[PDB]
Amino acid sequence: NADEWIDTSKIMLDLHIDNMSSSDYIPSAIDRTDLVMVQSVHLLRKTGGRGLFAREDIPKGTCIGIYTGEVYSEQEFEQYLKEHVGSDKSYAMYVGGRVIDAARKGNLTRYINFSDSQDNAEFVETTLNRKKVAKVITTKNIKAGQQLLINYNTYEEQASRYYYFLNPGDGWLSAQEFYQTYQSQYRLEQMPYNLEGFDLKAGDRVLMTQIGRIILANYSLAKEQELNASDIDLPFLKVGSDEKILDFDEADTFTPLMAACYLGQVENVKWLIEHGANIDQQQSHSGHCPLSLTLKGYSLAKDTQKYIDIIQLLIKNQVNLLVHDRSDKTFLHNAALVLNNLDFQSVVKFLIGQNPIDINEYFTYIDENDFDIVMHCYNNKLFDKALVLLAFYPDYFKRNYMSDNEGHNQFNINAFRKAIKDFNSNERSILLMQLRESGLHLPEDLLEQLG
């Protein structure tokens, strides 16, 4: 037997996997156990969650391994779920008409946690002994010690409503251990003003870096010499009433860039971005990021222009506009709600000017009500912003209602009808006027189906 030459006990000892029997670890020949390691994810400690981390720098496009597991046909797997109380699909990979369930048996790939806006790796179909399987390939350069994150390419309402928003920087250390490790970069300070956008009142104790203190004082980073860009994304660490640090799962931290965005410090935002701040960083519980926090600051401000400028900076630096809150609203969703008509138009114009490859990507994300951004505008009666979106992307109806996928087309017709179900005669005639506008070239039959 050839498996007698495979020592999975040593594989797991080398990877730091401590919650699998050796007879349940299923290696593949392309597994790069030299490049990765399994560790606890401190954020997930209350469920003993683990993750897969880079043991060294990994170049973009490197193969990590094969998603191994127990093999079922689709029918067999449904029968399994039906017969095994408490089993679920958390580890089930649907590929090639088969199901590869890594819930009980598998390899290192079973430890990669989820993100759809900060994934640095992806599942891709490959061939193995003439059958289709899933392999993991990095989609960005990974720095040693960062967690690998991957999009599961499925919808799970429980996921959007209960998962944490994981970052590549979320590791095995607690907030206490992180502070101890980098103590010389932190100083304890008292908040001198309220800051509801991060749930801080005047007088709260917070551990801050020099960069963070500069942001909170409203000083300019560019005027400072001897700034240590290493801790640019090291977080503000809140300190509890018992004078102990709040752990990562007890309170969201934030970065200097998050704060600069919320506060509208345009030049500081530019400086932070140019010095490598993760413009896609997300707070663990809330999901708030530079984009959402800029929108928040805009909602609470007399000077809205600096926030529009910050959104412009972010978009110029390839910020991920497909990030979404817990209701699966993307940035365009929520910006439709927060920005006035002129500013919403200006931001869509910025995005236009970045010349996105697939504009339709922005129009295929649906929120918890199954509304894409156009349906969303209409359901909130933002006729002007709906027209702005239609002018941005005239092909919207063509590509999402008259595609070659009749299932998708009908789902979208039904979702559009749902979005407008509460219109009165006046709103319906305004909508029909917009839709009959020459530029969309909507066929009469689709118009019938829409109203």
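Residue positions are given as counts along the sequence shown, with the first one as 1.
When the mean C-alpha temperature factors of 29-37 and 418-426 are read from the deposited coordinates, 418-426 comes out higher.
Per-stretch averaging of Cα B factors for 164-172 and 78-86 places 78-86 on top.
As recorded in the entry, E156 carries the highest CA temperature factor of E156, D101, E122, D280.
Comparing the listed residues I142, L257, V374, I112, the entry records the largest Cα B-factor for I142. In this PDB entry, the Cα temperature factor of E177 sits in the middle third of its chain's modelled residues. Among all modelled residues in this chain, the alpha-carbon of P356 has a temperature factor (C-alpha) in the highest third.
Ranked by C-alpha B-factor against the other modelled residues of its chain, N317 falls in the middle third. The PDB entry assigns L13 a C-alpha temperature factor belonging to the middle third of its chain's modelled residues. In the PDB entry, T68 places in the lowest third of its chain by CA B-factor.
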